[PDB]
Amino acid sequence: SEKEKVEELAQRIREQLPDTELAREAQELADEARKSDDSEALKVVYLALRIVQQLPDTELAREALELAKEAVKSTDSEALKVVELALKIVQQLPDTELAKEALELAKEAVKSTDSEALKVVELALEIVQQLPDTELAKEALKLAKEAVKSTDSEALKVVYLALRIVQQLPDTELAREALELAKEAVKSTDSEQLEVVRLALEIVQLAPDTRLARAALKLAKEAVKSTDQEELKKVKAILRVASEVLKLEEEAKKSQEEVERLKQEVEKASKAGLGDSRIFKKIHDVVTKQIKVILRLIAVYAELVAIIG
Amino acid sequence: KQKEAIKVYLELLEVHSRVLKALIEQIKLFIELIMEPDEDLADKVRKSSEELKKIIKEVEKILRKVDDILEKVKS
Amino acid sequence: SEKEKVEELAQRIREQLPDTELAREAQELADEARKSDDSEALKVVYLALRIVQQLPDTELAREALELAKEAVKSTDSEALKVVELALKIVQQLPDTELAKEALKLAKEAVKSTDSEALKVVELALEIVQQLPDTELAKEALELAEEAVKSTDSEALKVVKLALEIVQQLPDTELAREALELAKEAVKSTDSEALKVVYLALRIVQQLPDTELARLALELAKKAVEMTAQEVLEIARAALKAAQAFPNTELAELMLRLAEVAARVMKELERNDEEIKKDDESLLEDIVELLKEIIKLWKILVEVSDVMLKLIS
């Protein structure tokens with residue numbers, strides 16, 4: 001049925017403005033879509049022809065047609081989804097600068113062979129679509145455009161994490177702080193600052209709306225501002241220790257749940273009589289796990305001690 | 001007999017869960033103090049240390065109970 | 001000059017024992033050394049031929065001739081010095097097990113091209129030469145043998161550091177403990193144990209004649225005794241903390257805390273063994289475990305207080 005929709009839009013466009021460049025391009029794109037059996041490319045071409053019918057004889061429709069052709073050429077499904085989201089943004093927000101910026105970003109994403117830039121640009125487009133007429137959308141689009149230009153993959157991962165943090169908690173101090181930090185990290189040429197920002201954003205995502213998250217954000221900001229290398233390595237170690245502490249906290253909470261369940265089961269087995277050796281074996285297993293967690297905590301304690309000195 | 005060891009192990013498990021919580025709080029506060037030096041943060045770290053001391057006292061009570069039981073058994 | 005000495009010894013050995021395998025080997029070695037213009041190869045061949053002249057028709061002379069040939073094949077100066085020291089040890093302690101084991105270790109070192117193994121073997125030979133007819137020399141020789149046999153890259157460095165500690169403080173409790181610890185670490189198949197032992201020996205060497213060195217030695221020994229990887233991780237973290245912050249009371253408390261945690265794990269293992277099988281013994285082991293648990297938490301409180309004082 002998608003082929004039927006594409007061909008119907010093609011005939012409607014042919015009847016709308018015949019003997020034009022947009023008409024010929026739309027006809028050729030509809031032919032190349034009819035040749036295809038992939039439904040995602042069919043949706044790409046459908047959105048392209050819908051934008052053409054929406055704005056005839058415009059630059060945005062030409063950009064949409066060219067991007068749709070280049071997406072049909074690509075075999076990657078992520079590029080197809082990115083182009084779909086870009087054309088859908090142009091449709092949902094007509095006559096907006098964000099539409100043109102998103103078209104350019106989608107072109108730059110499709111042209112790149114890297115697989116992470118596709119995810120980053122898709123995240124930026126989802127941010128633009130979910131939050132129209134907001135500063136966060138424009139800032140995320142600009143951040144993704146800057147991330148595409150950088151050669152380092154660490155910058156791509158940092159911008160991915162920043163856009164993820166923005167999407168998870170919109171209209172929060174953490175989101176705007178992460179945006180500003182990612183922008184200032186993309187501006188800096190140093191890769192150690194990218195590593196620090198990545199660790200700080202991971203600390204934020206692991207424990208959102210916590211004191212550790214904002215403290216790590218402030219530390220990462222003041223470290224980006226600083227120019228001391230020893231303090232930079234110290235901050236890296238501190239952030240790594242904080243992330244390890246969050247993981248160990250999750251493990252310890254799991255162990256506490258195990259302890260509660262074991263206490264309940266022990267009381268039940270004492271009431272029923274189902275014997276004591278199996279209870280002791282389960283108690284030994286739980287004790288082993290809990291004390292191993294405690295020893296990992298002590299090791300992290302000593303590592304922090306070594307860091308501060 | 002064995003039920004006494006069972007109840008002692010249960011008490012130890014509960015005390016160690018409280019230890020886990022207090023230790024996580026202490027490490028978080030220490031990282032916060034390293035990144036930013038504050039007096040009230042030091043005060044709440046002292047509060048965490050007081051909680052840990054109370055935990056130590058509870059462990060000492062468990063130990064004195066087990067010691068009394070052992071002394072009664074050896075008699 | 002040196003060629004004259006070598007050729008004269010060769011002709012004298014020819015006159016001493018004709019129609020022997022040793023005579024042919026000595027003449028071939030002398031010819032090959034005469035063709036060579038290197039001074040060190042000439043000195044090694046001179047030592048080998050002098051050993052042959054000192055112990056005619058003995059196994060030590062045959063092994064020395066073979067080792068001299070293999071050293072002539074090698075171009076590494078360190079291997080040449082190793083072979084020279086091995087032959088000088090054979091001359092220094094004739095008819096001793098130390099000399100035979102030293103020849104064997106010198107051959108094993110020559111076989112390997114790695115520089116660290118050659119340095120370790122040279123250090124062991126210098127230990128044997130410095131302390132002849134001593135048990136420390138025998139232990140160091142066996143330790144170097146075990147290190148060369150091991151393929152782990154960390155084992156060679158650990159044994160080199162142990163031998164450096166032995167050379168720095170000979171006939172000391174710390175040197176004996178370091179030898180035993182390195183032996184037990186090479187016996188262990190775990191690499192975490194090797195890293196812990198390296199950290200302990202580095203703490204000993206970097207800060208000798210201190211309580212922290214003895215504490216680190218005890219902790220590393222007890223860690224090698226345990227088969228649990230978690231105890232080894234705790235020991236590694238504590239040793240890194242002590243290395244990063246030396247000459248402090250807090251590092252002493254940290255090593256003590258690690259020792260108490262290792263003892264707590266030992267009591268856990270004892271409780272498991274008693275569970276696998278009396279009520280009284282189980283209660284006694286529980287009492288001991290609670291004692292060590294209280295000590296562990298007390299030391300943690302003290303560490304927290306000291307860190308608060310350091311940060312304030």
# chains A, B, ... in the order shown; residues from 1 in each chain; ligands from 1

call {"tool": "closest_atom_pairs", "arguments": {"of": "chain C", "to": "chain A", "cutoff": "10 Å", "atoms": "only C-alpha atoms", "output": "JSON lines"}}
result
{"residue": "C:230", "atom": "CA", "partner": "A:292", "partner_atom": "CA", "distance": 6.9}
{"residue": "C:231", "atom": "CA", "partner": "A:295", "partner_atom": "CA", "distance": 8.0}
{"residue": "C:233", "atom": "CA", "partner": "A:299", "partner_atom": "CA", "distance": 7.3}
{"residue": "C:234", "atom": "CA", "partner": "A:299", "partner_atom": "CA", "distance": 5.3}
{"residue": "C:235", "atom": "CA", "partner": "A:299", "partner_atom": "CA", "distance": 8.3}
{"residue": "C:236", "atom": "CA", "partner": "A:299", "partner_atom": "CA", "distance": 8.5}
{"residue": "C:237", "atom": "CA", "partner": "A:299", "partner_atom": "CA", "distance": 5.6}
{"residue": "C:238", "atom": "CA", "partner": "A:302", "partner_atom": "CA", "distance": 5.9}
{"residue": "C:239", "atom": "CA", "partner": "A:302", "partner_atom": "CA", "distance": 9.0}
{"residue": "C:240", "atom": "CA", "partner": "A:306", "partner_atom": "CA", "distance": 6.8}
{"residue": "C:241", "atom": "CA", "partner": "A:306", "partner_atom": "CA", "distance": 4.2}
{"residue": "C:242", "atom": "CA", "partner": "A:306", "partner_atom": "CA", "distance": 7.4}
{"residue": "C:243", "atom": "CA", "partner": "A:306", "partner_atom": "CA", "distance": 8.1}
{"residue": "C:244", "atom": "CA", "partner": "A:306", "partner_atom": "CA", "distance": 5.5}
{"residue": "C:245", "atom": "CA", "partner": "A:309", "partner_atom": "CA", "distance": 5.7}
{"residue": "C:246", "atom": "CA", "partner": "A:309", "partner_atom": "CA", "distance": 9.3}
{"residue": "C:250", "atom": "CA", "partner": "A:305", "partner_atom": "CA", "distance": 9.2}
{"residue": "C:251", "atom": "CA", "partner": "A:305", "partner_atom": "CA", "distance": 9.2}
{"residue": "C:254", "atom": "CA", "partner": "A:302", "partner_atom": "CA", "distance": 7.4}
{"residue": "C:255", "atom": "CA", "partner": "A:302", "partner_atom": "CA", "distance": 9.8}
{"residue": "C:257", "atom": "CA", "partner": "A:298", "partner_atom": "CA", "distance": 9.1}
{"residue": "C:258", "atom": "CA", "partner": "A:298", "partner_atom": "CA", "distance": 8.7}
{"residue": "C:261", "atom": "CA", "partner": "A:295", "partner_atom": "CA", "distance": 7.7}
{"residue": "C:262", "atom": "CA", "partner": "A:295", "partner_atom": "CA", "distance": 9.7}
{"residue": "C:264", "atom": "CA", "partner": "A:291", "partner_atom": "CA", "distance": 9.7}
{"residue": "C:265", "atom": "CA", "partner": "A:291", "partner_atom": "CA", "distance": 8.6}
{"residue": "C:268", "atom": "CA", "partner": "A:288", "partner_atom": "CA", "distance": 8.4}
{"residue": "C:269", "atom": "CA", "partner": "A:288", "partner_atom": "CA", "distance": 9.9}
{"residue": "C:271", "atom": "CA", "partner": "A:284", "partner_atom": "CA", "distance": 9.1}
{"residue": "C:272", "atom": "CA", "partner": "A:284", "partner_atom": "CA", "distance": 7.4}
{"residue": "C:275", "atom": "CA", "partner": "A:280", "partner_atom": "CA", "distance": 7.5}
{"residue": "C:276", "atom": "CA", "partner": "A:277", "partner_atom": "CA", "distance": 8.5}
{"residue": "C:277", "atom": "CA", "partner": "A:277", "partner_atom": "CA", "distance": 9.8}
{"residue": "C:300", "atom": "CA", "partner": "A:298", "partner_atom": "CA", "distance": 8.7}
{"residue": "C:303", "atom": "CA", "partner": "A:305", "partner_atom": "CA", "distance": 9.3}
{"residue": "C:304", "atom": "CA", "partner": "A:301", "partner_atom": "CA", "distance": 9.5}
{"residue": "C:307", "atom": "CA", "partner": "A:305", "partner_atom": "CA", "distance": 7.8}
{"residue": "C:310", "atom": "CA", "partner": "A:308", "partner_atom": "CA", "distance": 9.2}
{"residue": "C:311", "atom": "CA", "partner": "A:308", "partner_atom": "CA", "distance": 8.8}

call {"tool": "write_last_selection", "arguments": {"atoms": "C-alpha atoms", "output": "mmCIF file, in the first residue's frame"}}
result
data_model
loop_
_atom_site.group_PDB
_atom_site.id
_atom_site.type_symbol
_atom_site.label_atom_id
_atom_site.label_comp_id
_atom_site.auth_asym_id
_atom_site.auth_seq_id
_atom_site.Cartn_x
_atom_site.Cartn_y
_atom_site.Cartn_z
ATOM 1 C CA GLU C 230 38.990 -10.625 46.485
ATOM 2 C CA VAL C 231 41.596 -10.682 49.263
ATOM 3 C CA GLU C 233 42.349 -7.125 45.263
ATOM 4 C CA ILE C 234 42.075 -5.645 48.763
ATOM 5 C CA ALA C 235 45.795 -6.197 49.315
ATOM 6 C CA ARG C 236 46.625 -4.566 45.978
ATOM 7 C CA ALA C 237 44.473 -1.532 46.783
ATOM 8 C CA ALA C 238 46.024 -1.204 50.246
ATOM 9 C CA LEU C 239 49.562 -1.532 48.880
ATOM 10 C CA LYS C 240 48.872 1.098 46.222
ATOM 11 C CA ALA C 241 47.514 3.379 48.951
ATOM 12 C CA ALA C 242 50.648 2.814 51.038
ATOM 13 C CA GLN C 243 52.955 3.406 48.062
ATOM 14 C CA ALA C 244 51.137 6.627 47.157
ATOM 15 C CA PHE C 245 51.264 8.013 50.729
ATOM 16 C CA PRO C 246 54.419 6.843 52.537
ATOM 17 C CA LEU C 250 47.381 6.700 57.936
ATOM 18 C CA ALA C 251 49.225 4.274 55.641
ATOM 19 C CA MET C 254 45.499 1.189 56.074
ATOM 20 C CA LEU C 255 47.870 -1.786 55.982
ATOM 21 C CA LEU C 257 42.966 -2.625 58.032
ATOM 22 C CA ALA C 258 43.876 -4.810 55.051
ATOM 23 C CA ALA C 261 40.115 -7.918 56.473
ATOM 24 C CA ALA C 262 42.277 -10.834 55.318
ATOM 25 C CA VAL C 264 38.175 -11.921 58.614
ATOM 26 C CA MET C 265 38.084 -13.791 55.303
ATOM 27 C CA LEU C 268 34.932 -17.047 57.070
ATOM 28 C CA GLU C 269 36.752 -19.961 55.430
ATOM 29 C CA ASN C 271 33.396 -21.229 59.479
ATOM 30 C CA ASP C 272 32.641 -22.771 56.081
ATOM 31 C CA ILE C 275 29.754 -26.019 58.538
ATOM 32 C CA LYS C 276 30.713 -28.674 55.972
ATOM 33 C CA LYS C 277 31.245 -31.154 58.826
ATOM 34 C CA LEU C 300 37.807 2.063 59.461
ATOM 35 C CA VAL C 303 40.864 6.007 58.944
ATOM 36 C CA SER C 304 37.758 8.147 58.421
ATOM 37 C CA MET C 307 41.026 11.588 56.417
ATOM 38 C CA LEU C 310 43.589 15.713 56.285
ATOM 39 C CA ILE C 311 40.816 17.302 54.209
#

call {"tool": "interface_residues", "arguments": {"of": "chain B", "to": "chain A", "cutoff": "9 Å", "atoms": "only C-alpha atoms", "output": "list in words"}}
result
residues 2, 3, 5, 6, 9, 10, 12, 13, 14, 16, 17, 18, 19, 20, 21, 23, 24, 27, 28, 29, 30, 31, 32, 34, 35 and 36 of chain B

call {"tool": "atom_distance", "arguments": {"atom1": "CA of residue 115 in chain C", "atom2": "CA of residue 90 in chain C"}}
result
23.3 Å

call {"tool": "closest_atom_pairs", "arguments": {"of": "chain B", "to": "chain C", "cutoff": "7 Å", "atoms": "only C-alpha atoms", "output": "CSV"}}
result
residue,atom,partner,partner_atom,distance
B:1,CA,C:279,CA,5.8
B:2,CA,C:279,CA,7.0
B:49,CA,C:301,CA,6.6
B:56,CA,C:294,CA,6.3
B:59,CA,C:294,CA,6.9
B:63,CA,C:290,CA,6.2
B:66,CA,C:287,CA,6.9
B:67,CA,C:287,CA,6.9
B:70,CA,C:283,CA,6.8

call {"tool": "residues_around", "arguments": {"residues": "residue 75 in chain C", "least_positions_apart": "2", "cutoff": "12 Å", "atoms": "only C-alpha atoms", "output": "ChimeraX atom specification"}}
result
/C:36,38,40-41,69-73,77-81,110,113

call {"tool": "closest_residue", "arguments": {"among": "A:265, A:28, A:244, A:133", "to": "residue 97 in chain A", "atoms": "only C-alpha atoms"}}
result
A:133

call {"tool": "closest_residue", "arguments": {"among": "C:128, C:212, C:199, C:181", "to": "residue 225 in chain C", "atoms": "only C-alpha atoms"}}
result
C:181

call {"tool": "residues_around", "arguments": {"residues": "range 67-77 of chain A", "least_positions_apart": "3", "cutoff": "7 Å", "atoms": "only C-alpha atoms", "output": "ChimeraX atom specification"}}
result
/A:29,41,44-45,48,63-64,80-81,83,107

call {"tool": "atom_distance", "arguments": {"atom1": "CA of residue 164 in chain A", "atom2": "CA of residue 79 in chain A"}}
result
18.9 Å

call {"tool": "residues_around", "arguments": {"residues": "range 91-105 of chain C", "least_positions_apart": "6", "cutoff": "9 Å", "atoms": "only C-alpha atoms", "output": "list in words"}}
result
residues 47, 50, 51, 54, 55, 60, 63, 64, 67, 83, 121, 124, 125, 128, 129, 132, 133, 137, 138, 141, 142, 144, 145 and 148 of chain C

call {"tool": "write_last_selection", "arguments": {"atoms": "C-alpha atoms", "output": "PDB file, in the first residue's frame"}}
result
ATOM      1  CA  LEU C  47      87.998 -18.337  31.971  1.00  0.00           C
ATOM      2  CA  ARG C  50      91.363 -22.025  32.917  1.00  0.00           C
ATOM      3  CA  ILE C  51      88.442 -23.908  34.481  1.00  0.00           C
ATOM      4  CA  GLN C  54      91.738 -26.528  37.006  1.00  0.00           C
ATOM      5  CA  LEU C  55      89.210 -29.407  36.881  1.00  0.00           C
ATOM      6  CA  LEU C  60      81.865 -28.746  35.299  1.00  0.00           C
ATOM      7  CA  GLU C  63      79.397 -27.589  30.896  1.00  0.00           C
ATOM      8  CA  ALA C  64      81.760 -24.601  30.989  1.00  0.00           C
ATOM      9  CA  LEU C  67      78.457 -22.438  27.925  1.00  0.00           C
ATOM     10  CA  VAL C  83      78.600 -16.331  31.500  1.00  0.00           C
ATOM     11  CA  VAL C 121      70.197 -14.093  36.225  1.00  0.00           C
ATOM     12  CA  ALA C 124      71.343 -13.955  41.077  1.00  0.00           C
ATOM     13  CA  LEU C 125      74.925 -14.780  40.088  1.00  0.00           C
ATOM     14  CA  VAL C 128      75.881 -16.162  44.756  1.00  0.00           C
ATOM     15  CA  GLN C 129      79.348 -14.643  44.330  1.00  0.00           C
ATOM     16  CA  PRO C 132      79.314 -18.013  48.870  1.00  0.00           C
ATOM     17  CA  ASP C 133      78.273 -21.130  50.799  1.00  0.00           C
ATOM     18  CA  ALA C 137      72.562 -17.740  47.653  1.00  0.00           C
ATOM     19  CA  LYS C 138      70.880 -21.124  47.150  1.00  0.00           C
ATOM     20  CA  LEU C 141      69.534 -19.226  42.602  1.00  0.00           C
ATOM     21  CA  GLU C 142      66.421 -21.407  42.834  1.00  0.00           C
ATOM     22  CA  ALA C 144      65.965 -17.079  39.526  1.00  0.00           C
ATOM     23  CA  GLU C 145      65.589 -20.550  38.001  1.00  0.00           C
ATOM     24  CA  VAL C 148      63.332 -17.924  34.073  1.00  0.00           C
TER      25      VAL C 148
END

call {"tool": "atom_distance", "arguments": {"atom1": "CA of residue 158 in chain A", "atom2": "CA of residue 182 in chain A"}}
result
6.8 Å

call {"tool": "decode", "arguments": {"residues": "range 137-156 of chain C", "atoms": "N, CA and C atoms", "output": "mmCIF file, in the first residue's frame"}}
result
data_model
loop_
_atom_site.group_PDB
_atom_site.id
_atom_site.type_symbol
_atom_site.label_atom_id
_atom_site.label_comp_id
_atom_site.auth_asym_id
_atom_site.auth_seq_id
_atom_site.Cartn_x
_atom_site.Cartn_y
_atom_site.Cartn_z
ATOM 1 N N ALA C 137 72.131 -17.579 49.039
ATOM 2 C CA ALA C 137 72.562 -17.740 47.653
ATOM 3 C C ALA C 137 71.820 -18.885 46.976
ATOM 4 N N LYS C 138 71.630 -19.994 47.693
ATOM 5 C CA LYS C 138 70.880 -21.124 47.150
ATOM 6 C C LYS C 138 69.433 -20.736 46.866
ATOM 7 N N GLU C 139 68.801 -20.032 47.811
ATOM 8 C CA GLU C 139 67.418 -19.609 47.615
ATOM 9 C C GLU C 139 67.294 -18.648 46.439
ATOM 10 N N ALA C 140 68.238 -17.710 46.306
ATOM 11 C CA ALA C 140 68.193 -16.770 45.190
ATOM 12 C C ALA C 140 68.409 -17.480 43.859
ATOM 13 N N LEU C 141 69.297 -18.475 43.830
ATOM 14 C CA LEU C 141 69.534 -19.226 42.602
ATOM 15 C C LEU C 141 68.287 -19.999 42.187
ATOM 16 N N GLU C 142 67.646 -20.675 43.145
ATOM 17 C CA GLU C 142 66.421 -21.407 42.834
ATOM 18 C C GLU C 142 65.306 -20.459 42.405
ATOM 19 N N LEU C 143 65.224 -19.286 43.038
ATOM 20 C CA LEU C 143 64.207 -18.308 42.671
ATOM 21 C C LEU C 143 64.424 -17.787 41.257
ATOM 22 N N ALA C 144 65.678 -17.521 40.886
ATOM 23 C CA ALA C 144 65.965 -17.079 39.526
ATOM 24 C C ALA C 144 65.665 -18.178 38.515
ATOM 25 N N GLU C 145 65.958 -19.433 38.867
ATOM 26 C CA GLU C 145 65.589 -20.550 38.001
ATOM 27 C C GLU C 145 64.083 -20.582 37.766
ATOM 28 N N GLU C 146 63.304 -20.493 38.849
ATOM 29 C CA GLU C 146 61.849 -20.515 38.724
ATOM 30 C C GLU C 146 61.341 -19.319 37.927
ATOM 31 N N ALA C 147 61.993 -18.162 38.073
ATOM 32 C CA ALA C 147 61.583 -16.979 37.322
ATOM 33 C C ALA C 147 61.852 -17.147 35.834
ATOM 34 N N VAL C 148 63.014 -17.700 35.481
ATOM 35 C CA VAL C 148 63.332 -17.924 34.073
ATOM 36 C C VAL C 148 62.378 -18.947 33.471
ATOM 37 N N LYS C 149 62.013 -19.973 34.244
ATOM 38 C CA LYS C 149 61.079 -20.969 33.727
ATOM 39 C C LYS C 149 59.687 -20.387 33.504
ATOM 40 N N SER C 150 59.322 -19.345 34.246
ATOM 41 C CA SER C 150 58.000 -18.748 34.116
ATOM 42 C C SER C 150 57.933 -17.838 32.895
ATOM 43 N N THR C 151 56.805 -17.901 32.185
ATOM 44 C CA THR C 151 56.579 -17.068 31.011
ATOM 45 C C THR C 151 55.984 -15.710 31.356
ATOM 46 N N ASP C 152 55.444 -15.552 32.564
ATOM 47 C CA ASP C 152 54.834 -14.290 32.959
ATOM 48 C C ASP C 152 55.875 -13.177 32.969
ATOM 49 N N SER C 153 55.511 -12.031 32.389
ATOM 50 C CA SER C 153 56.433 -10.902 32.333
ATOM 51 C C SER C 153 56.600 -10.243 33.696
ATOM 52 N N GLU C 154 55.573 -10.306 34.547
ATOM 53 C CA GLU C 154 55.665 -9.680 35.861
ATOM 54 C C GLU C 154 56.555 -10.476 36.808
ATOM 55 N N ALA C 155 56.660 -11.792 36.605
ATOM 56 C CA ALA C 155 57.453 -12.620 37.509
ATOM 57 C C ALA C 155 58.929 -12.251 37.447
ATOM 58 N N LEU C 156 59.443 -11.987 36.243
ATOM 59 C CA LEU C 156 60.838 -11.583 36.108
ATOM 60 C C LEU C 156 61.112 -10.288 36.861
#
